[PDB]
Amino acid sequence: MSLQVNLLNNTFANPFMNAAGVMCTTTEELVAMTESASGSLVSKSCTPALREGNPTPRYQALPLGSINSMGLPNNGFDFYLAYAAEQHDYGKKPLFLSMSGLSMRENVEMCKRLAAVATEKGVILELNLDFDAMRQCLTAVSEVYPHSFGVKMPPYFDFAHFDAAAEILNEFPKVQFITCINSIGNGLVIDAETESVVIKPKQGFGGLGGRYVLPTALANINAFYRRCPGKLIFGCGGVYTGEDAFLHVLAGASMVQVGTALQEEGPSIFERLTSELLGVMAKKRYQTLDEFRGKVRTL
């Protein structure tokens, strides 16, 4: 049995990594992720300059997941570029750098600079991504960035949008992976005891993660798995156990990202997840991920 994944000219020991934005903002966190049992890691989505993010409380853990409105607090692009160029131990595991410019020009200017470090060191872009705007953004980035990359997608909720999104992404051969999903946007948690919301920004509205999002994540993973047969899918959303991870892979996932559960448990979670996924595979008589990836049975 092996959890090995091979993609983008890399070998990964297992499919697990942190979700962008979770436990990956500081040097300490990035080193902790590298030292963990994870197959890989992705750095906090960056802007050109540092951002303090939204006022606190801006994250709340919940029985069925989490809600947040972080507001992109990050050390700025130079910091994550420097980590990738100078500090990260690529001998330990591959590295993804998440990028989230507040405009198309910001993404373009960051990608111009990332190009050389991707060439020299092998860091892989995950670009945090309105369909017209989307095509134009991908065109602008592809123009200046001479490497494969992936896109982090928000969830969609109908086949019309699955089709439209997939059509655009399929126009761009450099987009070699699609990460499904980012948070279910602008949920509103109300605490019945305090009769109030639980986070401060945006009147309590924030992105939902965890158990809430698993079926939506599976839907998006599988929808894009089917519609973009030329690309890989990275799963993200609602993974707490090796069994959840099994479901991501069955739906089509190559890599499996862990957000909410990692936030609550810390990097030791990857040790648990790898052994649980192996336990699930042994019970089901699978030896490799290739054996069941995308093989979910329809009725």
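Numbers for residues come from their place in the sequence shown, where the first is 1.
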**Item:** Length class of the unmodelled deposited segment, which would lie between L129 and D130
**Value:** 10 or more
**Asked** Mean CA B-factor: is it higher for 99-107 or for 213-221?
**Response** 99-107
**Asked** On average, which has the higher Cα B-factor in the deposited entry, 49-57 or 252-260?
**Response** 49-57
**Complete:** Among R227, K152, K200, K112, the highest C-alpha B-factor in the PDB entry belongs to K112
**Request:** Compare the CA B factors listed in the entry for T25, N18, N10, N14 and report the winner.
**Result:** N10
**Complete:** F205: CA temperature factor from the record, placed by chain third, in the lowest
**Message:** Quick check for you: using the entry's CA B-factors within this chain, is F162 in the lowest, middle or highest third?
**Reply:** middle
**Asked** Which third of the chain does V175 land in by C-alpha B-factor: lowest, middle or highest?
**Response** middle
**Asked** Relative to the other modelled residues in the chain, which third contains the C-alpha temperature factor of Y83: lowest, middle or highest?
**Response** highest
**Complete:** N186: CA B-factor among chain residues, third -> lowest
